[PDB]
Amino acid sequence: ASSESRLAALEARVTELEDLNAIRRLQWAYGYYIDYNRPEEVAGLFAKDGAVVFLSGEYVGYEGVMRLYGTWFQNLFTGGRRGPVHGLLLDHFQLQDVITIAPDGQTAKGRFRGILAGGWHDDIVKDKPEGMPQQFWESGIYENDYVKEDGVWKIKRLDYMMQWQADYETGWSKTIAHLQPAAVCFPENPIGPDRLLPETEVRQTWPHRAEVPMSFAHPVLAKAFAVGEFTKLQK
């Protein structure tokens, strides 16, 4: 290839490596904001026509993102204060990024997950809502969408599918999630979604389980991967 072909090929390859970093950074930054109950910084990560999906409900735009992370999560955990605050733990450990940039470099998908250690210390337990566990673990999978807007990566769709909860004292095997897929929309429900997902995308919560399909192709076999050939070797 010519020097011009090689320079252009290197520019495209280096942009894709930068894109992957930038998308990972959005999720890791998102984590550090939500650990502090700081919904503004979270809302700022989104494209203006973006959305967040939580318990099979869509929260649209800056308004929806502030309703979920502010009106609901902040009022629940800190009584409507930017955190962190005395005795309140809400650590959403973020990991295991598998990001796929579209061929055109203008959109992307990414799989991630979180494990949360949460709760109210004995010092502040009188501030905990009746009905909330004092201390708990949660984990869920993210399958998110991203857009590159005027050369900046932003969150287009954050889709958090909670997978399991555990009361600290009892564990996942003895815990039922009280949170269930959304049934009531905003404004009837002041902390509810703009719209429910379609029935085919509605997920029941722990201990109910459903696959979250991979946004990534099989990294070795791509579309050549077929389950059945391998299954023949199992007993």
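Start at 1 with the first residue shown and count on from there.
S.K.: Mean Cα B factor from the PDB record: higher for 76-84, or higher for 159-167?
M.R.: Mean C-alpha B-factor is greater for 76-84.
S.K.: Mean CA B-factor: is it higher for 115-123 or for 150-158?
M.R.: Higher mean C-alpha B-factor: 150-158.
S.K.: According to the Cα B-factor stored in this entry, which of the following is highest: 184, 34, 26, 43?
M.R.: Across 184, 34, 26, 43, the entry lists the biggest C-alpha B-factor for 184.
S.K.: Return the residue from 91, 130, 97, 145 that has the highest Cα B-factor in the entry.
M.R.: Of 91, 130, 97, 145, 130 has the highest C-alpha B-factor.
S.K.: Please place residue 134 in the lowest, middle or highest third of its chain according to the CA B-factor in the PDB entry.
M.R.: CA B-factor rank for residue 134: lowest third.
S.K.: Ordered by C-alpha B-factor within the chain, which third holds residue 67? Give me lowest, middle or highest, please.
M.R.: Its C-alpha B-factor, which the entry lists for residue 67, ranks in the middle third among residues of this chain.
S.K.: Grab the CA temperature factor for residue 38 from the record and place it in the lowest, middle or highest third of its chain.
M.R.: It falls in the middle third of the chain.
S.K.: So where's residue 207 on the chain's Cα temperature factor ranking, which third?
M.R.: It belongs to the lowest third of the chain when residues are ordered by C-alpha B-factor.
S.K.: Where does the C-alpha B-factor of residue 22 rank in its chain, lowest, middle or highest third?
M.R.: Ranked within chain, residue 22 CA B lands in the lowest tercile.
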